[PDB]
Amino acid sequence: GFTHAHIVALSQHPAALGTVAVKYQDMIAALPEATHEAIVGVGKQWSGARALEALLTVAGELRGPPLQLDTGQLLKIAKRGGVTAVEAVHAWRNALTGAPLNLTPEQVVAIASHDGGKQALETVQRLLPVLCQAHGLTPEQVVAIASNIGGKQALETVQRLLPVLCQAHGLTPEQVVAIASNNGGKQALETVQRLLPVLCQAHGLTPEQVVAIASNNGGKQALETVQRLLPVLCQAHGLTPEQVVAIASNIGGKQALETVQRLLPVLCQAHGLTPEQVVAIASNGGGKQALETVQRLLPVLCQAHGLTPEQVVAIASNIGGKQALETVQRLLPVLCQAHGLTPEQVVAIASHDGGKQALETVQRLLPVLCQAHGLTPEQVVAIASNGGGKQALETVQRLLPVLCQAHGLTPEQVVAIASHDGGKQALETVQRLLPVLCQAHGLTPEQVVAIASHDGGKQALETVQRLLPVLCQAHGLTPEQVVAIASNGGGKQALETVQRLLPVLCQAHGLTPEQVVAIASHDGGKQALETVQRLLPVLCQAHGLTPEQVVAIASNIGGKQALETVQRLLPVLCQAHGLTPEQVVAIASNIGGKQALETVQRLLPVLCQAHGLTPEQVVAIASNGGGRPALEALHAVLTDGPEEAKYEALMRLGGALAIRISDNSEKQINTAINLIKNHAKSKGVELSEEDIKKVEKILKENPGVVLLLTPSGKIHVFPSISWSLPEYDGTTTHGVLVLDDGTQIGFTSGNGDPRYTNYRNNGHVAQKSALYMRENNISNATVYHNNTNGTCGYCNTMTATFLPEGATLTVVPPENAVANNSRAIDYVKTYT
DNA sequence: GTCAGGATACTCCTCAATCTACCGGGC
DNA sequence: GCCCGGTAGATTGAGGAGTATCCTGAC
Ligand SMILES: [Zn+2]
């Protein structure tokens, strides 16, 4: 009962056709639930007939208590290992298990289910005690090394020359194991031994980079290509050696390097691609194929499909970009027209690993998922726009009804669970452990959903199931604390780190368990905890930082980086930049604090000296979340850009007084000089007579010039900006205090007086005008603001309250403005 | 019958930036 | 009781390893 396609596929081995038909009923009885695909996969190998006959003969005894091999495991071994591996396993059933080797059946299957399984199994059985005792190697490492094609040679090479690489090259056994855990490990190890001094001395390459390069499939060829092409790539093409080793640290890096060398000028001249884009595209598996596909299909996708080159690069910037590009070219118009999905969604689906599988699954499953199960196409694209989208989508298709009618979960919860990397694992773990968690430990379904909705939720859920009782009982933590700890990316590592490190971090450095939970409740909390352990005494005795400050610095996503950056940059910022350590702690106690600290170090002198900004303003700007982009944007706008943009950016920092007095009329020149003097004195800075003469010359020589008095003391001068209020952007309100004499004093909403913080109008322009009149004894003046909502309903009373006795004020809202509510007023009103 | 190399596909772990919904004192 | 600000979460994107499976050439 085989189809034509199955017979054609199995006809690769001519002798397998006869044996399968004669005894077709025989394997079914011996191998229950054996699907035709498994049979055709087993029988299509070099010894399909022999392997099938051996399985049929031996499966009666291969299911014994010493092995207890499942049917799927037997089929996999027959397909991969062959007749030799099956015979070796059967002949040594009692040798592998129940022996000083101490090998589980899963490890035995993994070693056997590989090319040359018999030789690898014999080598393991002969050399496991030797490598365990003489070299002190973990049996897991030996199994991992031997679980590869030609693993016997790699194991023998490791046993032969582990001490040589350990001593004469200073390489840890872990690096050797990682290098030898790939195909052709013996050749890679020999190449490393013969080449490490040459690549480390003449080429000046870090041994870690060489180890990383050699820790891939075919590392010997990659190392040889690197040695042969490093000077050429560094000189002719101007490629950084770090970039070269990053490109060559993938599977088949030799082909990628050759393609890059052969096609860099072509893509950089006849295609417009930058070297960085080509490097990024080539920094993935199958780089040669991706580069060739990009070069061949760039005009086709750019013109016929209307795709920007950046989108093509991003699609090809992943593993297997050739298949994704071909699938996009084949399936863009038919899927877009017949389903109406935006091309951005199609790009987002294929912008990950295995995008072709996700795209095909979406094309197949959109109608049925949207019809029977009721998912929105946006939800489907959200689930498919992740690593392994095919697995998550097929799992949703298979599993949604039983999850939504038996376990009492909503479809949106399932959509959230399945919309993460490895969503199939999370879905299956939920289906397997939801009753257990909701019964044995009392966790609510919402907590389980929250735990399972991160990258690697299966490991987090299993870790919770294993470690929740012991953490909750021995360590005295409420289950809510463990749920909070585990509900993060890579939460298994954080949970194991907490279980390991709670007693020492409590009884050694005197940290409250709540502090440990706060440190560990963020992504990458294991690194934060280890860094706190290693650094806390250093920050205590060597710099006088309290443990509370260390915990506050570490209680963020980038806690390790922030702590290391604080340790490295505390003396320089505290001595050569004039920053108090408290300001450093405040800057670092934010998400991405390492970048903020480095940006402060880099841009403090240029901002403080060239543009005349106080260090306090820089610290305040950098003390907010995401302060690095804010500082970079401020530097960009201050160094170049529009005059009005620079003026607004400078005034928005606060403490800056601008003036647009006009004409000569020496009297108001004197008054303006007096006002500048008063502001400088209020800032504690003496402006001296030379700057008085300078500003007087500027005022007398530039008609209609607007000044700016920063808190530092520098007087920025702008030639011309505008004589009218700017457009209202919805959050920033601008005002000008026009006196009777003629002086115009600019104002901007926000950054109000801290003294009246409890007052709700703190920051409005009318309040700033009132305080300015009160301080400088201004009798009468008017205001003009460009708020389109009119004056606020609080200001009409509060600003009149702040006015001095006997003082007058006027505010004029714009004519085009309309009041938004009864509180607001959209007409001229005189206050007193 | 093995050994070495290349190509996809998938999972998990750490980081940095931005968005928003709950709380809270004043009206 | 009803806000609008503050801010502590809560997405959202990104990169970097680590893991697993399959196909091909050469003896
Ligand atoms: Zn106001």
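In the stretch A:438-484, what count of residues is obtained for those that are more than 16 Å from DNA strand B (Cβ to nearest atom) and touching a residue at least 24 places away in the same chain (Cβ under 8 Å)? Lay out the reasoning, then the answer.
If we filter the stretch A:438-484 for residues that are more than 16 Å from DNA strand B (Cβ to nearest atom), which is where we start, we get A:438-445, A:447, A:468-479, A:481, A:483.
Now restrict to residues that are touching a residue at least 24 places away in the same chain (Cβ under 8 Å): A:441-443, A:445, A:447, A:468-471, A:475-477, A:479, A:481, A:483.
Total meeting the criteria: 15.
Output the number of the condition that A:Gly60 fails; it satisfies all remaining conditions of (1) part of a helix (DSSP H, G or I); (2) buried (at least 16 other Cβ atoms within 10 Å of the Cβ).
With respect to (1) part of a helix (DSSP H, G or I); (2) buried (at least 16 other Cβ atoms within 10 Å of the Cβ), A:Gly60 is out only on (2).
Residue-by-condition table, conditions (1) in contact (Cβ under 8 Å) with a residue 60 or more places away in the chain; (2) buried (at least 20 other Cβ atoms within 10 Å of the Cβ); (3) of a type outside the set (A, V, I, L, M); (4) away from DNA strand C (no atom under 15 Å from the Cβ):
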| site | (1), (2), (3), (4) |
| --- | --- |
| A:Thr172 | no, no, yes, no |
| A:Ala180 | no, yes, no, no |
| A:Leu229 | no, yes, no, yes |
| A:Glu242 | no, no, yes, no |
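Can you name the residue in the stretch A:760-779 that is surrounded by 17 or more Cβ atoms within 10 Å (Cβ to Cβ) and among the hydroxyl-bearing types (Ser, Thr, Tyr) and is also farthest from DNA strand B (Cβ to nearest atom) among such residues?
Taking the candidates together, the pick is A:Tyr772.
Consider A:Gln561 carefully, then state whether it is of a type in the set (S, T, N, Q), away from DNA strand B (no atom under 16 Å from the Cβ) and over 30 Å from A:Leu650 (Cα atoms). Working first, answer last.
Values: of a type in the set (S, T, N, Q): yes; away from DNA strand B (no atom under 16 Å from the Cβ): no; over 30 Å from A:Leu650 (Cα atoms): yes.
When the stated conditions are applied, A:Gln561 does not pass them.
To keep it simple, each residue is scored yes or no on (1) surrounded by 19 or more Cβ atoms within 10 Å (Cβ to Cβ); (2) touching a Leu at 6+ places or on another chain (Cβ under 9 Å); (3) in a loop (DSSP other than H, G, I, E, B).
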position: A:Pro265; (1), (2), (3): no, no, no
position: A:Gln295; (1), (2), (3): no, yes, no
position: A:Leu301; (1), (2), (3): yes, yes, no
position: A:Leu307; (1), (2), (3): yes, yes, yes
position: A:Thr327; (1), (2), (3): yes, yes, no
position: A:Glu344; (1), (2), (3): no, no, no
position: A:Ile349; (1), (2), (3): yes, yes, no
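Restricting attention to the stretch A:793-815, report how many residues are buried (at least 20 other Cβ atoms within 10 Å of the Cβ), within 16 Å of DNA strand C (Cβ to nearest atom) and either of a type in the set (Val, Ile, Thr) or closer than 20 Å to A:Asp729 by Cα (or both).
1
Quick one: which of A:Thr808, A:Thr799 is within 16 Å of DNA strand B (Cβ to nearest atom), within 15 Å of A:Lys829 (Cα to Cα) and of a type outside the set (A, V, I, L, M, F, W, C)?
Details: A:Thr808 fails: within 16 Å of DNA strand B (Cβ to nearest atom).
Within the list A:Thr808, A:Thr799, the selection yields A:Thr799.
Quick one: is A:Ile745 touching a residue at least 24 places away in the same chain (Cβ under 8 Å), more than 11 Å from the ligand (Cβ to nearest atom), buried (at least 16 other Cβ atoms within 10 Å of the Cβ) and in a loop (DSSP other than H, G, I, E, B)? Steps first, answer last, please.
On the way: touching a residue at least 24 places away in the same chain (Cβ under 8 Å): yes; more than 11 Å from the ligand (Cβ to nearest atom): yes; buried (at least 16 other Cβ atoms within 10 Å of the Cβ): yes; in a loop (DSSP other than H, G, I, E, B): no.
Considered against the rule, which asks whether it is touching a residue at least 24 places away in the same chain (Cβ under 8 Å), more than 11 Å from the ligand (Cβ to nearest atom), buried (at least 16 other Cβ atoms within 10 Å of the Cβ) and in a loop (DSSP other than H, G, I, E, B), A:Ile745 comes out as no.
Can you tell me which condition A:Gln515 does not meet? The list is (1) surrounded by fewer than 19 Cβ atoms within 10 Å (Cβ to Cβ); (2) more than 23 Å from A:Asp421 (Cα to Cα), and all the others hold.
(1)
Hey, any hits in the stretch A:19-27 for a residue that's of a type in the set (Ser, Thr, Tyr) and more than 17 Å from A:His114 (Cβ to Cβ)? Show your work before the answer.
Filtering the stretch A:19-27 for residues of a type in the set (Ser, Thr, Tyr) gives A:19, A:24.
Narrowing further to those that are more than 17 Å from A:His114 (Cβ to Cβ): A:19, A:24.
Within the stretch A:19-27 (the criterion being of a type in the set (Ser, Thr, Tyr) and more than 17 Å from A:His114 (Cβ to Cβ)), the answer is yes, since at least one residue qualifies.
If only one of A:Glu360, A:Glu326 is in contact with a helix residue (DSSP H, G or I) (Cβ under 8 Å, 6 or more places away or on another chain), of a type in the set (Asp, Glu) and more than 28 Å from A:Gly457 (Cβ to Cβ), which one is it? Steps first, answer last, please.
Details: A:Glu360 fails: more than 28 Å from A:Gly457 (Cβ to Cβ).
Selected residue: A:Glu326, the only one of A:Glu360, A:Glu326 that is in contact with a helix residue (DSSP H, G or I) (Cβ under 8 Å, 6 or more places away or on another chain), of a type in the set (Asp, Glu) and more than 28 Å from A:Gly457 (Cβ to Cβ).
Any residue at all in the stretch A:592-610 that's in contact (Cβ under 8 Å) with a residue 60 or more places away in the chain and closer than 25 Å to A:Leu737 by Cβ?
No, the stretch A:592-610 has no match at all.
Show me the helices (runs of 4 or more DSSP H) entirely contained within the stretch A:611-653 in which 2 or more residues are over 23 Å from A:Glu598 (Cβ atoms) and away from DNA strand C (no atom under 16 Å from the Cβ).
Numbers: elements: A:615-622, A:627-639, A:643-652.
Correct list: A:643-652.
Among (1) surrounded by 17 or more Cβ atoms within 10 Å (Cβ to Cβ); (2) away from DNA strand B (no atom under 16 Å from the Cβ); (3) under 18 Å from A:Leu653 (Cβ atoms), where does A:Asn751 come up short?
Result: A:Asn751 fails condition (1) only.
Residue by residue through the stretch A:758-773, note down the ones that are more than 18 Å from A:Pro804 (Cα to Cα) and either within 11 Å of the ligand (Cβ to nearest atom) or in contact with a strand residue (DSSP E or B) (Cβ under 9 Å, 6 or more places away or on another chain) (or both).
Taking the stretch A:758-773 and keeping what is more than 18 Å from A:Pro804 (Cα to Cα), we get A:758, A:760, A:763.
Selection gives A:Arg760, A:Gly763.
On the phi > 0 side of the Ramachandran plot, without any contact (Cβ under 8 Å) to a residue 60 or more places away in the chain and more than 14 Å from DNA strand C (Cβ to nearest atom), is that true of A:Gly388? Working first, answer last.
Working: on the phi > 0 side of the Ramachandran plot: yes; without any contact (Cβ under 8 Å) to a residue 60 or more places away in the chain: yes; more than 14 Å from DNA strand C (Cβ to nearest atom): no.
In short, no.
Could we say that A:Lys288 is closer than 21 Å to A:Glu242 by Cα, among the basic types (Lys, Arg) and within 12 Å of DNA strand B (Cβ to nearest atom) here?
Values: closer than 21 Å to A:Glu242 by Cα: yes; among the basic types (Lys, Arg): yes; within 12 Å of DNA strand B (Cβ to nearest atom): yes.
So A:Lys288 passes the test.
Can you find a residue that is closer than 30 Å to A:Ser769 by Cβ and touching a residue at least 24 places away in the same chain (Cβ under 8 Å) anywhere in the stretch A:626-642?
Step one: of the stretch A:626-642, the residues closer than 30 Å to A:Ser769 by Cβ are A:630, A:633-634, A:637-638, A:641-642.
This time we only want the ones that are touching a residue at least 24 places away in the same chain (Cβ under 8 Å), so: A:634, A:638.
So far as the stretch A:626-642 goes, yes, one or more of its residues are closer than 30 Å to A:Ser769 by Cβ and touching a residue at least 24 places away in the same chain (Cβ under 8 Å).
Among A:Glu156, A:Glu87, A:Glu140, which is the only one that is surrounded by fewer than 17 Cβ atoms within 10 Å (Cβ to Cβ) and in contact (Cβ under 8 Å) with a residue 24 or more places away in the chain?
One residue alone meets the criteria, A:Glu156.
Of the residues A:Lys254, A:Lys220, only one is over 20 Å from A:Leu162 (Cβ atoms), within 15 Å of DNA strand B (Cβ to nearest atom) and among the basic types (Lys, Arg); which? Lay out the reasoning, then the answer.
Numbers: A:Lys220 fails: over 20 Å from A:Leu162 (Cβ atoms).
Of A:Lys254, A:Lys220, the one residue that is over 20 Å from A:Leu162 (Cβ atoms), within 15 Å of DNA strand B (Cβ to nearest atom) and among the basic types (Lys, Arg) is A:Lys254.
Any chance the stretch A:66-73 includes a residue that's more than 25 Å from A:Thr35 (Cβ to Cβ), aliphatic (A, V, I, L, M) and within 16 Å of DNA strand C (Cβ to nearest atom)?
First pass over the stretch A:66-73, keeping only residues more than 25 Å from A:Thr35 (Cβ to Cβ): A:66.
Among the residues that remain, those that are also aliphatic (A, V, I, L, M) are: none.
No: zero hits.
Considering every residue within the stretch A:788-798, establish whether at least one is part of a strand (DSSP E or B) and either in contact with a strand residue (DSSP E or B) (Cβ under 6 Å, 6 or more places away or on another chain) or in contact (Cβ under 8 Å) with a residue 60 or more places away in the chain (or both).
Here is the first cut: in the stretch A:788-798, the residues part of a strand (DSSP E or B) are A:791.
Now narrow it down to the ones that are either in contact with a strand residue (DSSP E or B) (Cβ under 6 Å, 6 or more places away or on another chain) or in contact (Cβ under 8 Å) with a residue 60 or more places away in the chain (or both): A:791.
Yes - at least one qualifying residue is present in the stretch A:788-798.
Each reported figure results from applying straightforward, stated rules to the coordinates on display, with no laboratory input. Positions of Cβ are generated from backbone atoms using ideal geometry, with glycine treated the same way; all protein chains shown enter the neighbour counts.
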